[PDB]
Each structure stands twice: as structure tokens, then as C-alpha cells.
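Each of the two blocks below gives one form of the same protein chain as C-alpha cells; they are labelled structure 1 and structure 2.
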Structure 1
């Protein structure tokens, strides 16, 4: 096996889709690369180092709407950015789980700084811009986590035995699983954005 950074992460990503985040072991990574663990240890000191790098690479490779277009409204950038973040989290098994608990990396500083600055130039205080970004981020992670983990868990349950399901819930779940949760996410996303807009344009009035 070739053992530069890009080769290690490629292989770690393959493994993540075979085994999930819980089977992403240094031991199994070494098997994958056909090397002995101490060779691996020279390049990758532990699982956390690895999870952090993966979190960053996942977005670097598949998160393509991280900056606003020229003249694009804040409402639009936030929608496009959340969509882009979702596709990215979703391209790998337990990908949301891999992002969880990370904070921005040095390679991401410039990008996140621009996002923050961009909100502030649209009339958000830093505090409110921070909250809008966080809310979008938290909402999108939760939706993707519930979706991916429910699909993981699907294999180990007796699965909604119905009959004794009451009527609304019964119809609710049929609807929730009509699709991957995209409609639900997209509808919620609009609610969030609109809600921030009425806050912004309230200024110092009571809303």
C-alpha cells in the first residue's frame, strides 16, 4: 500500500462505508492497507486523529456550496449551504456521526470566517449570525443523524408491528418513510430561514 495522507484517508473512507464508525479501527485500517500496525502508527497516531481528518476531508471533497455566490442573499446562501452540507454528511455511512463534536479546522478557518463576516454585512450582529449558522448546522446534523441511525438500526429491530399502531401515528410514519426525509428537512429548513428573517427585520421593534 501507498502511505501518504491522501492514501490513508481514501482507505479510511472505504472502510467507513464497509464497517461504520464503530468498526473503523486502526487494526482494520492496517489490514485494509496490508500493513502491520506499527507501520500504520507512524502515519496515524490514533482513532480521534483519524476521525478529525475524515470530518474535514468529507467536507473538502463533497461540500461544494461553502461560500455565497456574488450578490446572493443571506436567505439563499443558508439554504444552498445547508443542502450542500446535508449531501456531504450523507455521502458516507455514519458521516454525520463522524462530523459530531468537531469544531472548525485550520484548513477551514478562512471559509468559516467569511461565512461569519457575510452574515454581519447583511445586518446580523455577530451573535445573531452565529446563532443562525448554528441553528442551521444543528438542525441539519440532527435530521441526517436520525435518518442514518434509523437506517443502521433497521437491521436489528422487530420493526413497527402495526396492528396496535394508532391511526395518526400510523399514517405519520408511512409519510416519514415515503422518502429519505428530504421533504421534511426542506420544509423545516424554510421555516428556520423565514423565522430568522422576521427576527432580522424586527430590529428593535417588538415581534
Structure 2
């Protein structure tokens, strides 16, 4: 009903959009829900617990492309996986920061495992496959963060105007392709001086 995981999180995500990750207090959460702080405490011990639940919920609820489809190329996977992660992180104010601050839940563990098994199955060593998975996450996280926080040099007047027109998807997608291709030339490289 009013106080159970379901509503507590719905209300939390909603509150998150209203005041950001910093303005988010168990105090104001209690008020939004319309209950006394100790009633809330019983269900949510503190902000850390709250954020932890929001992070996994943000992903589960919106990172629909967390795991690959049988018969899909690793390139398509990493690409689609990165887009879904970005969109998921962008759905909520400070989403990226909420993610960044949470220690990976076991839901994420079986997820990474699968993805990693996938990469290895594509001729990727555990090391390089993990590196790839990480480079993609790192780059996606950095892009979303930059995007969520946000006299003139001539060239920049032009460059800037390309950032000021689109919402940063193009630049991300382009960078994404360059990232993926870097892995391609690496995989196909084997024991060569590539």
C-alpha cells in the first residue's frame, strides 16, 4: 500500500527528479510519503540504502538491453548495450551519479558474467573482453555525466554550434563506433604488430 518497496522507490525516483541526488534526504522522502520519519526508517534505514535501491531499479526498469540476443554480433551488442545504458542513466536527474556511487549488486554480477562469457565466445580473451566492456561503460558514463552537469575562439564558434544543436547523442554514437572499431582491429590482430 503506502509503505512498501514499490511506493518507497516510485516516490524516491520522483523525488530524485525534483531535488537531485544531493537534495534527496530521508527527511523529505518521509514528507513526500506523508509519514513520520521513524515509520519510514523502519522501511529504509538511510540514504545509502535508498540510493542503492534506486540504482538497481533505474537499471532493471530502463536498461532493457542489458544482455545480448542469441545470434548477435559483439559489435551490435556493445553498441546497443551502451545506448540502453545511456538512455537508462538519462531517464532520471543525476542518474549517472546515482549509479556511480553504488557498489555493483549481484544482479549486475550475473549480467557482467554473461556479457563476459559472450565476449570470450567471440574470440576475446577475458582480459581484453573485460577491457572492452569497461571502456564502453567508462565512456558512456563520462558522456552522460558531462551531459547531466551541463570573447569566443573562432573554430570553437563552429564546433560549439554542433554541440549546441543536438543533445550529445551524435557525439556519443560517433565515439561509440570509434571505440568498437578499436576493439575490432585488436581482435582481428591476434599475434601481430597491429
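What we label the rigid core is the largest C-alpha set whose atoms superpose within 1.5 Å from one form to the other. Positions refer to the first chain, counted from 1.
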item: Core-superposed comparison between the two structures - Cα displaced by 2 angstroms or more, from 84, 75, 122, 108; value: 108
item: Rigid core superposed, the C-alpha shift at residue 193 between the two structures in Å; value: 0.1
item: Rigid core fit between the two structures: Cα deviation of residue 66 in angstrom; value: 1.0
